[PDB]
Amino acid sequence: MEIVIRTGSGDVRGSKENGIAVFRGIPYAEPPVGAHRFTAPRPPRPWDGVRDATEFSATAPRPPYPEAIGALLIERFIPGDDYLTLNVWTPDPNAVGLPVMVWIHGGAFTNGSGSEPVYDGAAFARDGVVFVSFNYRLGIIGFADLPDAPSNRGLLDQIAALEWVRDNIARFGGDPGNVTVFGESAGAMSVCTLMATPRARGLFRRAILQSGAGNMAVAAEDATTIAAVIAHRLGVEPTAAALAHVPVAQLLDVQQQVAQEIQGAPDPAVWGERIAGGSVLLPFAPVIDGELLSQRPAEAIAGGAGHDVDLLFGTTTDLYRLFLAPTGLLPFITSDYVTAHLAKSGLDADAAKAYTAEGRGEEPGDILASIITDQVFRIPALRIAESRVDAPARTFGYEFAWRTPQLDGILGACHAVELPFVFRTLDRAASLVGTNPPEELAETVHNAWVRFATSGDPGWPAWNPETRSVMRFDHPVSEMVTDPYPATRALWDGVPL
């Protein structure tokens, strides 16, 4: 049962059971404590002997999800400082050249961990894929921009994790030259950001973007504002030099206030006009710092970033219903609010009619959920695909359309429902997908992911602008569809960003 493998920092002891070797909490960066909250990830202090790698490490400091989300997305926090660790599932460390899937968890850059139960890599390892998950720094620590700290520590962490994979995964049976990085939303946005980041060069051959594209970045000037507000509220200077000393509970508290305020209508007196005007989607998304991330990933990708990387991308049909529906308040959303929302994008009120006409929302709240799904996820995803029309690498699209039965079906195919299907961890996701989700669909989706990691082809026609074909996953039927939601898609043709 014990299995000892050499990492670049020393031997680690995992566990091998029923054909799968599992290593949990392999350090890939020194604990980011104090000042090192904000420094670039440091290689773990080498050790002699054998470091235990049987238990997941500490996870990154995160605030609890808002109660609405947190009842559906139940996070597993692991206390401690040594959280820049990764986990490896391999069917056999001695294997030759296994596909490697590196999971970058989502969680809006403030939440998540690589070690969440639903992200268990065993189903991947069972299918002949080396699976790697890891924690990267989150929130203020990961991404608040500071003049005296490298920007985007969380992104640096992901790079360091992928470099660990590059440098170590052959010892776990993986082909470092067949790495598929994949992630959900913030994790997929991270992947897009990595595509756009010179420092991530060559660290992955393929990418699966589950509900995240290249739009999720903080303008440097906004990140500066955000750090200034954070620091002001903490009563310290907006510097790593100051923030290194703030108890993490206080950090997370102010981080949460920033998150909530940016998620709402930011007070211009506190946030300035840009941020009040919505210039920030996620306040701890990667900063367009200029050195690590030179431009928004979507623009980098439009210019060819990641065009050598095979791409599987998709969205959940009703993604944003997760953020509007679970508390039963969608019916209160008004047409005029939706109209005002559409107007923020320069769309007329009757754009809502197109949503209704395509079955994407009867009531304004439903339409709003679909609009936001489009604005933040589906259209950005499609823009990346469109950008890749001439990419040498392949592009495949999916739509995850299976609707969770939770809360009387009000969530539809909402955000995160696809995750246990990808991972075949449906029994760990019942808070979101209910008690009896179709394991067949988990098999279908997961196997497609494995096939894509293995060969760069998930097993269905490639995406192109001609037919815009995506695999629409659902149960009982997952089938190809072409040019889905063409009328709502066209609404966005000329929308800024």
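One-based numbering along the sequence shown.
According to the PDB record, 254-262 carries the higher mean C-alpha B-factor of the two stretches 151-159 and 254-262.
Judged by mean Cα B factor in the deposited record, 92-100 ranks above the other of 306-314 and 92-100.
Of the candidates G456, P32, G434, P66, the PDB record gives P66 the highest C-alpha temperature factor. Take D374, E418, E75, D267 and read off each C-alpha B-factor from the entry; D267 has the highest. Among the modelled residues of the chain, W460 sits in the middle third by CA temperature factor in this PDB entry. In the deposited entry, the Cα temperature factor of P405 sits in the middle third of values across the chain's modelled residues. Ranked against the other modelled residues of its chain, the C-alpha B-factor of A442 as given in the entry falls in the lowest third. Ranked against the other modelled residues of its chain, the C-alpha B-factor of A429 as given in the entry falls in the middle third. When the modelled residues of the chain are ordered by their C-alpha B factor, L411 lands in the middle third.
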